[PDB]
Amino acid sequence: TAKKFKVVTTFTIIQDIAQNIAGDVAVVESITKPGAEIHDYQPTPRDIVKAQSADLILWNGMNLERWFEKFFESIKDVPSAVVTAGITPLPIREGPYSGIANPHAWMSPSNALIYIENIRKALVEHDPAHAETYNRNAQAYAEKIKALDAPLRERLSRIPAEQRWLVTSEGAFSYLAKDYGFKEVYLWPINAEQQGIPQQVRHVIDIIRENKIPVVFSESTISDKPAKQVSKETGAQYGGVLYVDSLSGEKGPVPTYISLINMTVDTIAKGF
Ligand SMILES: [Zn+2]
Ligand SMILES: [Zn+2]
Ligand SMILES: [Zn+2]
Ligand SMILES: [Zn+2]
Ligand SMILES: [Zn+2]
Ligand SMILES: [Zn+2]
């Protein structure tokens, strides 16, 4: 037990999944901090030194981290791995990124099994002295993820099909909405600098008309104001905050990936 194998991830969700696979035999750190916007994060010099100190770097791919490839050019002799390998992307459906992969694949718990296997495989490949701990921890964590499916569906089972509309600010929930039979509506399709600020807001306020959607949400790394506005101009309650792009701090409501899924579904459910 000298200095432990060091893994650096781009953001907090991957950090928590990887630390569950690593257990005590490896140290997993995230480049972005809890609460920080991850799509257009601007790396600092201290971020370079952190990534350069790693034995292995994990990132999402599906162009989630618009900043990563340019950043990674400053890192030498450190292998990286894309943890969404083998996931089939859902395309973005409107706006200037229409047709690009929707990168929020981790919001489907069945996809998280694929994240887990990609991370396990990378850990075993580059740290083979601990292949037994990594292989045991991954199987145990995959079983925790599989166990979520029944309580999650049961928690949402009081909402009838026609009523299952999920109205959020970022369209970050397409993978979760597909898994649990929700229709998605959103103020913008993916976080970015962009136009369409008030026109999608009026188009969303539209769809809330004929479907009498009762509740709309925001998310933890972006401004809650546009959702709160939509709630004002309609009769819909503001139900947010949902979690997708970041965990909370270790003492906050959402310190782990499992707590992020459970609490996001729980908040949708109570919103209805
Ligand atoms: Zn050891
Ligand atoms: Zn080691
Ligand atoms: Zn490798
Ligand atoms: Zn043993
Ligand atoms: Zn739309
Ligand atoms: Zn996002």
# chains A, B, ... in the order shown; residues from 1 in each chain; ligands from 1
$ residues_near_ligand --ligand "ligand 6" --cutoff "7 Å" --atoms "only C-alpha atoms and all ligand atoms" --output "list in words"
residues 39, 104, 170, 172, 190, 191, 244 and 245 of chain A
$ closest_atom_pairs --of "chain A" --to "ligand 4" --cutoff "12 Å" --atoms "only C-alpha atoms and all ligand atoms" --output "Markdown table"
| residue | atom | partner | partner_atom_place_in_ligand_line | distance |
| --- | --- | --- | --- | --- |
| A:130 | CA | ligand 4 | 1 (Zn) | 10.5 |
| A:131 | CA | ligand 4 | 1 (Zn) | 11.1 |
| A:132 | CA | ligand 4 | 1 (Zn) | 7.6 |
| A:133 | CA | ligand 4 | 1 (Zn) | 7.9 |
| A:134 | CA | ligand 4 | 1 (Zn) | 11.6 |
| A:135 | CA | ligand 4 | 1 (Zn) | 11.4 |
| A:136 | CA | ligand 4 | 1 (Zn) | 9.5 |
| A:137 | CA | ligand 4 | 1 (Zn) | 11.9 |
$ atom_distance --atom1 "atom CA of residue A:144" --atom2 "atom CA of residue A:221"
26.4 Å
$ residues_around --residues "residue A:202" --least-positions-apart "2" --cutoff "12 Å" --atoms "only C-alpha atoms" --output "PDB file with N, CA and C atoms, in the first residue's frame"
ATOM      1  N   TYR A 186     -38.566  20.896 -22.894  1.00  0.00           N
ATOM      2  CA  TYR A 186     -37.439  21.568 -22.268  1.00  0.00           C
ATOM      3  C   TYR A 186     -37.245  22.962 -22.848  1.00  0.00           C
ATOM      4  N   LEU A 187     -36.701  23.856 -22.009  1.00  0.00           N
ATOM      5  CA  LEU A 187     -36.456  25.238 -22.411  1.00  0.00           C
ATOM      6  C   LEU A 187     -35.260  25.360 -23.342  1.00  0.00           C
ATOM      7  N   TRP A 188     -34.258  24.491 -23.205  1.00  0.00           N
ATOM      8  CA  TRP A 188     -33.192  24.450 -24.192  1.00  0.00           C
ATOM      9  C   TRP A 188     -32.662  23.026 -24.276  1.00  0.00           C
ATOM     10  N   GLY A 196     -32.724  31.585 -28.935  1.00  0.00           N
ATOM     11  CA  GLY A 196     -33.908  30.849 -28.562  1.00  0.00           C
ATOM     12  C   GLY A 196     -34.284  31.018 -27.112  1.00  0.00           C
ATOM     13  N   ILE A 197     -33.729  32.037 -26.445  1.00  0.00           N
ATOM     14  CA  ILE A 197     -33.988  32.239 -25.018  1.00  0.00           C
ATOM     15  C   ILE A 197     -35.487  32.388 -24.722  1.00  0.00           C
ATOM     16  N   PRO A 198     -36.229  33.292 -25.383  1.00  0.00           N
ATOM     17  CA  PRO A 198     -37.645  33.436 -25.007  1.00  0.00           C
ATOM     18  C   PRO A 198     -38.611  32.710 -25.933  1.00  0.00           C
ATOM     19  N   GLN A 199     -38.169  32.333 -27.136  1.00  0.00           N
ATOM     20  CA  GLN A 199     -39.107  31.725 -28.074  1.00  0.00           C
ATOM     21  C   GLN A 199     -39.407  30.273 -27.715  1.00  0.00           C
ATOM     22  N   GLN A 200     -38.409  29.519 -27.253  1.00  0.00           N
ATOM     23  CA  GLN A 200     -38.730  28.190 -26.749  1.00  0.00           C
ATOM     24  C   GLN A 200     -39.557  28.283 -25.471  1.00  0.00           C
ATOM     25  N   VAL A 204     -42.778  26.327 -25.006  1.00  0.00           N
ATOM     26  CA  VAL A 204     -43.025  25.417 -23.888  1.00  0.00           C
ATOM     27  C   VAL A 204     -44.332  25.785 -23.196  1.00  0.00           C
ATOM     28  N   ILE A 205     -44.482  27.066 -22.848  1.00  0.00           N
ATOM     29  CA  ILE A 205     -45.734  27.565 -22.300  1.00  0.00           C
ATOM     30  C   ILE A 205     -46.907  27.132 -23.165  1.00  0.00           C
ATOM     31  N   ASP A 206     -46.723  27.087 -24.484  1.00  0.00           N
ATOM     32  CA  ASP A 206     -47.705  26.452 -25.352  1.00  0.00           C
ATOM     33  C   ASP A 206     -47.997  25.040 -24.854  1.00  0.00           C
ATOM     34  N   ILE A 207     -47.117  24.072 -25.127  1.00  0.00           N
ATOM     35  CA  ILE A 207     -47.373  22.650 -24.869  1.00  0.00           C
ATOM     36  C   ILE A 207     -48.012  22.398 -23.507  1.00  0.00           C
ATOM     37  N   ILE A 208     -47.658  23.218 -22.515  1.00  0.00           N
ATOM     38  CA  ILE A 208     -48.332  23.150 -21.225  1.00  0.00           C
ATOM     39  C   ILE A 208     -49.821  23.456 -21.370  1.00  0.00           C
ATOM     40  N   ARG A 209     -50.222  24.179 -22.425  1.00  0.00           N
ATOM     41  CA  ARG A 209     -51.639  24.501 -22.607  1.00  0.00           C
ATOM     42  C   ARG A 209     -52.464  23.232 -22.784  1.00  0.00           C
ATOM     43  N   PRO A 226     -35.718  30.743 -15.540  1.00  0.00           N
ATOM     44  CA  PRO A 226     -36.626  30.491 -16.674  1.00  0.00           C
ATOM     45  C   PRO A 226     -37.729  29.495 -16.351  1.00  0.00           C
ATOM     46  N   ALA A 227     -37.429  28.441 -15.586  1.00  0.00           N
ATOM     47  CA  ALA A 227     -38.488  27.519 -15.191  1.00  0.00           C
ATOM     48  C   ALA A 227     -39.500  28.205 -14.285  1.00  0.00           C
ATOM     49  N   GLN A 229     -40.276  31.342 -14.205  1.00  0.00           N
ATOM     50  CA  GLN A 229     -41.086  32.192 -15.066  1.00  0.00           C
ATOM     51  C   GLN A 229     -42.189  31.389 -15.746  1.00  0.00           C
ATOM     52  N   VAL A 230     -41.819  30.289 -16.410  1.00  0.00           N
ATOM     53  CA  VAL A 230     -42.801  29.451 -17.096  1.00  0.00           C
ATOM     54  C   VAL A 230     -43.901  29.031 -16.132  1.00  0.00           C
ATOM     55  N   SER A 231     -43.530  28.731 -14.883  1.00  0.00           N
ATOM     56  CA  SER A 231     -44.517  28.372 -13.873  1.00  0.00           C
ATOM     57  C   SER A 231     -45.448  29.535 -13.567  1.00  0.00           C
ATOM     58  N   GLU A 233     -46.259  32.197 -15.756  1.00  0.00           N
ATOM     59  CA  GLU A 233     -47.127  32.429 -16.903  1.00  0.00           C
ATOM     60  C   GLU A 233     -48.095  31.277 -17.173  1.00  0.00           C
ATOM     61  N   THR A 234     -47.876  30.102 -16.598  1.00  0.00           N
ATOM     62  CA  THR A 234     -48.845  29.019 -16.651  1.00  0.00           C
ATOM     63  C   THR A 234     -49.402  28.794 -15.249  1.00  0.00           C
TER      64      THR A 234
END
$ atom_distance --atom1 "atom CA of residue A:83" --atom2 "atom 1 (Zn, counted along the ligand's line) of ligand 1"
24.2 Å
$ residues_near_ligand --ligand "ligand 1" --cutoff "12 Å" --atoms "only C-alpha atoms and all ligand atoms" --output "number ranges by chain"
A: 1-5, 22-26, 127-134
$ write_last_selection --atoms "C-alpha atoms" --output "PDB file, in the first residue's frame"
ATOM      1  CA  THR A   1       0.000   0.000   0.000  1.00  0.00           C
ATOM      2  CA  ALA A   2       2.385   2.693  -1.258  1.00  0.00           C
ATOM      3  CA  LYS A   3       0.914   5.708  -3.051  1.00  0.00           C
ATOM      4  CA  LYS A   4      -2.404   4.563  -4.479  1.00  0.00           C
ATOM      5  CA  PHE A   5      -3.348   4.290  -8.141  1.00  0.00           C
ATOM      6  CA  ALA A  22     -12.172   1.269  -6.946  1.00  0.00           C
ATOM      7  CA  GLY A  23     -13.050   0.787  -3.281  1.00  0.00           C
ATOM      8  CA  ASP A  24     -10.043   1.491  -1.085  1.00  0.00           C
ATOM      9  CA  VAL A  25      -7.354   0.424  -3.566  1.00  0.00           C
ATOM     10  CA  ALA A  26      -7.468   3.534  -5.772  1.00  0.00           C
ATOM     11  CA  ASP A 127      -3.971  -1.504 -12.531  1.00  0.00           C
ATOM     12  CA  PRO A 128      -3.849  -5.302 -12.901  1.00  0.00           C
ATOM     13  CA  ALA A 129      -2.487  -5.874  -9.367  1.00  0.00           C
ATOM     14  CA  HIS A 130      -5.976  -5.096  -8.056  1.00  0.00           C
ATOM     15  CA  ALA A 131      -8.084  -6.806 -10.732  1.00  0.00           C
ATOM     16  CA  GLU A 132      -9.755  -8.945  -8.036  1.00  0.00           C
ATOM     17  CA  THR A 133     -10.991  -5.982  -5.990  1.00  0.00           C
ATOM     18  CA  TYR A 134     -12.137  -4.094  -9.107  1.00  0.00           C
TER      19      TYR A 134
END
$ decode --residues "stretch 44-90 of chain A" --atoms "N, CA and C atoms" --output "PDB file, in the first residue's frame"
ATOM      1  N   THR A  44      -8.511  25.454 -15.635  1.00  0.00           N
ATOM      2  CA  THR A  44      -7.489  26.306 -15.071  1.00  0.00           C
ATOM      3  C   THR A  44      -6.150  25.583 -15.071  1.00  0.00           C
ATOM      4  N   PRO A  45      -5.051  26.308 -14.822  1.00  0.00           N
ATOM      5  CA  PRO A  45      -3.751  25.625 -14.702  1.00  0.00           C
ATOM      6  C   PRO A  45      -3.693  24.563 -13.620  1.00  0.00           C
ATOM      7  N   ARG A  46      -4.362  24.769 -12.486  1.00  0.00           N
ATOM      8  CA  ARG A  46      -4.357  23.723 -11.475  1.00  0.00           C
ATOM      9  C   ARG A  46      -5.058  22.462 -11.976  1.00  0.00           C
ATOM     10  N   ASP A  47      -6.024  22.601 -12.885  1.00  0.00           N
ATOM     11  CA  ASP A  47      -6.663  21.409 -13.457  1.00  0.00           C
ATOM     12  C   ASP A  47      -5.664  20.586 -14.277  1.00  0.00           C
ATOM     13  N   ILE A  48      -4.776  21.253 -15.022  1.00  0.00           N
ATOM     14  CA  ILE A  48      -3.768  20.533 -15.810  1.00  0.00           C
ATOM     15  C   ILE A  48      -2.879  19.688 -14.907  1.00  0.00           C
ATOM     16  N   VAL A  49      -2.367  20.289 -13.831  1.00  0.00           N
ATOM     17  CA  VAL A  49      -1.481  19.579 -12.909  1.00  0.00           C
ATOM     18  C   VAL A  49      -2.196  18.376 -12.298  1.00  0.00           C
ATOM     19  N   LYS A  50      -3.465  18.548 -11.936  1.00  0.00           N
ATOM     20  CA  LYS A  50      -4.244  17.446 -11.386  1.00  0.00           C
ATOM     21  C   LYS A  50      -4.350  16.294 -12.380  1.00  0.00           C
ATOM     22  N   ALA A  51      -4.738  16.589 -13.620  1.00  0.00           N
ATOM     23  CA  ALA A  51      -4.891  15.526 -14.611  1.00  0.00           C
ATOM     24  C   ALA A  51      -3.553  14.874 -14.922  1.00  0.00           C
ATOM     25  N   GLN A  52      -2.496  15.688 -15.028  1.00  0.00           N
ATOM     26  CA  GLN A  52      -1.152  15.177 -15.265  1.00  0.00           C
ATOM     27  C   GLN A  52      -0.645  14.281 -14.131  1.00  0.00           C
ATOM     28  N   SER A  53      -1.144  14.444 -12.910  1.00  0.00           N
ATOM     29  CA  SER A  53      -0.713  13.554 -11.834  1.00  0.00           C
ATOM     30  C   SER A  53      -1.417  12.208 -11.850  1.00  0.00           C
ATOM     31  N   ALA A  54      -2.388  11.993 -12.737  1.00  0.00           N
ATOM     32  CA  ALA A  54      -3.187  10.774 -12.690  1.00  0.00           C
ATOM     33  C   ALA A  54      -2.482   9.610 -13.386  1.00  0.00           C
ATOM     34  N   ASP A  55      -2.879   8.405 -12.998  1.00  0.00           N
ATOM     35  CA  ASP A  55      -2.536   7.198 -13.725  1.00  0.00           C
ATOM     36  C   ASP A  55      -3.548   6.848 -14.808  1.00  0.00           C
ATOM     37  N   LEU A  56      -4.695   7.531 -14.844  1.00  0.00           N
ATOM     38  CA  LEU A  56      -5.766   7.205 -15.766  1.00  0.00           C
ATOM     39  C   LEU A  56      -6.822   8.297 -15.662  1.00  0.00           C
ATOM     40  N   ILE A  57      -7.328   8.735 -16.808  1.00  0.00           N
ATOM     41  CA  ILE A  57      -8.319   9.803 -16.896  1.00  0.00           C
ATOM     42  C   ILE A  57      -9.565   9.217 -17.532  1.00  0.00           C
ATOM     43  N   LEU A  58     -10.721   9.481 -16.928  1.00  0.00           N
ATOM     44  CA  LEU A  58     -12.008   9.009 -17.434  1.00  0.00           C
ATOM     45  C   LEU A  58     -12.843  10.207 -17.819  1.00  0.00           C
ATOM     46  N   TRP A  59     -13.456  10.155 -19.001  1.00  0.00           N
ATOM     47  CA  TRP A  59     -14.380  11.207 -19.395  1.00  0.00           C
ATOM     48  C   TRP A  59     -15.602  10.585 -20.048  1.00  0.00           C
ATOM     49  N   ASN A  60     -16.648  11.401 -20.197  1.00  0.00           N
ATOM     50  CA  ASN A  60     -17.929  10.893 -20.687  1.00  0.00           C
ATOM     51  C   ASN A  60     -17.905  10.615 -22.184  1.00  0.00           C
ATOM     52  N   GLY A  61     -17.297  11.508 -22.963  1.00  0.00           N
ATOM     53  CA  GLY A  61     -17.461  11.475 -24.394  1.00  0.00           C
ATOM     54  C   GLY A  61     -18.867  11.932 -24.768  1.00  0.00           C
ATOM     55  N   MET A  62     -19.308  11.491 -25.953  1.00  0.00           N
ATOM     56  CA  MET A  62     -20.535  12.014 -26.576  1.00  0.00           C
ATOM     57  C   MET A  62     -20.533  13.539 -26.580  1.00  0.00           C
ATOM     58  N   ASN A  63     -19.335  14.097 -26.725  1.00  0.00           N
ATOM     59  CA  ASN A  63     -19.037  15.523 -26.623  1.00  0.00           C
ATOM     60  C   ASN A  63     -19.743  16.236 -25.472  1.00  0.00           C
ATOM     61  N   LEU A  64     -19.834  15.593 -24.306  1.00  0.00           N
ATOM     62  CA  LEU A  64     -20.354  16.283 -23.128  1.00  0.00           C
ATOM     63  C   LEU A  64     -19.422  17.420 -22.717  1.00  0.00           C
ATOM     64  N   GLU A  65     -18.166  17.082 -22.464  1.00  0.00           N
ATOM     65  CA  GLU A  65     -17.140  18.040 -22.046  1.00  0.00           C
ATOM     66  C   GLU A  65     -16.605  18.736 -23.289  1.00  0.00           C
ATOM     67  N   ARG A  66     -17.223  19.866 -23.683  1.00  0.00           N
ATOM     68  CA  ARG A  66     -16.751  20.541 -24.897  1.00  0.00           C
ATOM     69  C   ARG A  66     -15.286  20.947 -24.766  1.00  0.00           C
ATOM     70  N   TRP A  67     -14.802  21.032 -23.534  1.00  0.00           N
ATOM     71  CA  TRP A  67     -13.481  21.524 -23.192  1.00  0.00           C
ATOM     72  C   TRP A  67     -12.415  20.439 -23.150  1.00  0.00           C
ATOM     73  N   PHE A  68     -12.794  19.152 -23.145  1.00  0.00           N
ATOM     74  CA  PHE A  68     -11.847  18.104 -22.754  1.00  0.00           C
ATOM     75  C   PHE A  68     -10.746  17.901 -23.788  1.00  0.00           C
ATOM     76  N   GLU A  69     -11.108  17.757 -25.064  1.00  0.00           N
ATOM     77  CA  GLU A  69     -10.087  17.395 -26.047  1.00  0.00           C
ATOM     78  C   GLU A  69      -8.978  18.449 -26.115  1.00  0.00           C
ATOM     79  N   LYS A  70      -9.333  19.733 -26.114  1.00  0.00           N
ATOM     80  CA  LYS A  70      -8.284  20.759 -26.107  1.00  0.00           C
ATOM     81  C   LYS A  70      -7.463  20.701 -24.827  1.00  0.00           C
ATOM     82  N   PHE A  71      -8.129  20.494 -23.686  1.00  0.00           N
ATOM     83  CA  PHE A  71      -7.441  20.347 -22.401  1.00  0.00           C
ATOM     84  C   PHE A  71      -6.472  19.171 -22.412  1.00  0.00           C
ATOM     85  N   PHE A  72      -6.925  18.034 -22.928  1.00  0.00           N
ATOM     86  CA  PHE A  72      -6.143  16.814 -22.868  1.00  0.00           C
ATOM     87  C   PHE A  72      -4.852  16.928 -23.667  1.00  0.00           C
ATOM     88  N   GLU A  73      -4.809  17.839 -24.647  1.00  0.00           N
ATOM     89  CA  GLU A  73      -3.594  18.053 -25.424  1.00  0.00           C
ATOM     90  C   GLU A  73      -2.429  18.492 -24.545  1.00  0.00           C
ATOM     91  N   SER A  74      -2.705  19.112 -23.388  1.00  0.00           N
ATOM     92  CA  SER A  74      -1.650  19.521 -22.466  1.00  0.00           C
ATOM     93  C   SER A  74      -1.202  18.416 -21.520  1.00  0.00           C
ATOM     94  N   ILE A  75      -1.808  17.227 -21.584  1.00  0.00           N
ATOM     95  CA  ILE A  75      -1.480  16.100 -20.711  1.00  0.00           C
ATOM     96  C   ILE A  75      -0.643  15.107 -21.504  1.00  0.00           C
ATOM     97  N   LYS A  76       0.471  14.663 -20.922  1.00  0.00           N
ATOM     98  CA  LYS A  76       1.379  13.712 -21.562  1.00  0.00           C
ATOM     99  C   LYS A  76       1.426  12.398 -20.803  1.00  0.00           C
ATOM    100  N   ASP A  77       1.407  11.287 -21.546  1.00  0.00           N
ATOM    101  CA  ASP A  77       1.724   9.969 -20.991  1.00  0.00           C
ATOM    102  C   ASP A  77       0.713   9.525 -19.942  1.00  0.00           C
ATOM    103  N   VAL A  78      -0.543   9.935 -20.091  1.00  0.00           N
ATOM    104  CA  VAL A  78      -1.610   9.511 -19.196  1.00  0.00           C
ATOM    105  C   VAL A  78      -2.722   8.951 -20.057  1.00  0.00           C
ATOM    106  N   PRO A  79      -3.059   7.672 -19.921  1.00  0.00           N
ATOM    107  CA  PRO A  79      -4.134   7.108 -20.733  1.00  0.00           C
ATOM    108  C   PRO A  79      -5.478   7.664 -20.295  1.00  0.00           C
ATOM    109  N   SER A  80      -6.353   7.885 -21.274  1.00  0.00           N
ATOM    110  CA  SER A  80      -7.731   8.289 -21.034  1.00  0.00           C
ATOM    111  C   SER A  80      -8.681   7.224 -21.576  1.00  0.00           C
ATOM    112  N   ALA A  81      -9.916   7.212 -21.070  1.00  0.00           N
ATOM    113  CA  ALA A  81     -10.897   6.242 -21.541  1.00  0.00           C
ATOM    114  C   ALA A  81     -12.283   6.868 -21.521  1.00  0.00           C
ATOM    115  N   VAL A  82     -13.057   6.576 -22.556  1.00  0.00           N
ATOM    116  CA  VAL A  82     -14.401   7.117 -22.735  1.00  0.00           C
ATOM    117  C   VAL A  82     -15.373   6.140 -22.084  1.00  0.00           C
ATOM    118  N   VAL A  83     -16.111   6.594 -21.060  1.00  0.00           N
ATOM    119  CA  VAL A  83     -16.863   5.627 -20.261  1.00  0.00           C
ATOM    120  C   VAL A  83     -18.234   5.320 -20.853  1.00  0.00           C
ATOM    121  N   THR A  84     -18.651   6.029 -21.903  1.00  0.00           N
ATOM    122  CA  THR A  84     -19.882   5.695 -22.621  1.00  0.00           C
ATOM    123  C   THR A  84     -19.656   4.721 -23.790  1.00  0.00           C
ATOM    124  N   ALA A  85     -18.467   4.134 -23.927  1.00  0.00           N
ATOM    125  CA  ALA A  85     -18.252   3.210 -25.039  1.00  0.00           C
ATOM    126  C   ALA A  85     -19.353   2.152 -25.056  1.00  0.00           C
ATOM    127  N   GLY A  86     -19.978   1.967 -26.217  1.00  0.00           N
ATOM    128  CA  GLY A  86     -20.985   0.935 -26.373  1.00  0.00           C
ATOM    129  C   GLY A  86     -22.402   1.346 -26.039  1.00  0.00           C
ATOM    130  N   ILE A  87     -22.628   2.591 -25.630  1.00  0.00           N
ATOM    131  CA  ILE A  87     -23.979   3.108 -25.417  1.00  0.00           C
ATOM    132  C   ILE A  87     -24.487   3.686 -26.726  1.00  0.00           C
ATOM    133  N   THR A  88     -25.726   3.378 -27.072  1.00  0.00           N
ATOM    134  CA  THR A  88     -26.320   3.946 -28.274  1.00  0.00           C
ATOM    135  C   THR A  88     -26.873   5.333 -27.960  1.00  0.00           C
ATOM    136  N   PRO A  89     -26.440   6.384 -28.653  1.00  0.00           N
ATOM    137  CA  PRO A  89     -26.864   7.739 -28.281  1.00  0.00           C
ATOM    138  C   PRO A  89     -28.277   8.042 -28.734  1.00  0.00           C
ATOM    139  N   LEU A  90     -28.993   8.808 -27.889  1.00  0.00           N
ATOM    140  CA  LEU A  90     -30.206   9.489 -28.349  1.00  0.00           C
ATOM    141  C   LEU A  90     -29.822  10.840 -28.928  1.00  0.00           C
TER     142      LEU A  90
END
